[PDB]
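Before any questions on how it binds or moves, here is one chain, the form deposited in one PDB entry, in structure tokens.
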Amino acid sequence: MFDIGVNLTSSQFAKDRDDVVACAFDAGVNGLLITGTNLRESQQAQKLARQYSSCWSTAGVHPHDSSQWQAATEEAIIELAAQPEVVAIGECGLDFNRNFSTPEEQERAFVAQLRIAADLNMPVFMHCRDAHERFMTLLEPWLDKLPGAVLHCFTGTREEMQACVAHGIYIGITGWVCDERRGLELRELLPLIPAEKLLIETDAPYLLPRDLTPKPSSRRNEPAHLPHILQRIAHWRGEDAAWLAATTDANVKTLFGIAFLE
């Protein structure tokens, strides 16, 4: 198995990062992709990915941080992207929340990063929150000249999922599926996701699985909880966990062009 969504740069891991990674590995997670959400965090992520075996990172600017996009940002992204730890441009995309960055600022930063990924022939690590129509409209002239893309932390409808996978987009499922109140629609479309488009993630330290037992007092999520998520997803899909683990691992290698041990 493989966690495509780990905010390992988070302050929540500052004291025990070596152990968090090692615990993830001891629990059978074969590799991590560390999220970059702005320029400095992307820089930290790449530094951390050097520190551990089977760790990679993304380089980019989250739509929340899109207001900081500048003329020098592109070159900085490319400088990072040139490094072998960096395997995707992102996290980038749209969130209909405009309080931290305007839709104008979001669209501009998003298109800019799609352009970089096309120039570098790299896949994109994407994010879409209540913005499917605008999102696909901007993606359209770029996605086909990209090696691939993932919609990480997918929270859309069944039709929206089907619209995305038609264009090759991988669907990233977190522990939110395990939320009884809030993850129902997600859980119900789950078996309809094509196996070869399915990717798995914790989004640690966030989205601690509600059906996880036992839970920490800190309520901090960690990649070591990935096997729980995979097992729940496999069950709801009516599949063997070992099989889906192999499938999703292949999806990661197909998408990011990386190699890691099974």
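In this text, the rigid core denotes the largest set of C-alpha atoms whose superposition between the two forms falls within 1.5 Å. Only residues modelled in both forms are compared. Just count from 1 along the sequence shown to find any residue number.
Keep in mind the form deposited in another entry is missing from the figure; the text below concerns it.
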property: Position with Cα shift of 2 Å or more, rigid core superposed between this form and the one not shown, options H235, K47, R40, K215; result: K215
property: In the other entry, whether the C-alpha atoms of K215 and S10 sit closer or farther than here (change of 3 Å or more); result: farther
property: Closer or farther in the other entry, the Cα atoms of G36 and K215, when the shift from this form is 3 Å or more; result: farther
property: Segments of at least three residues whose Cα atoms shift by 2 Å or more between this form and the one not shown, after superposing on the rigid core; result: 97-99, 213-218
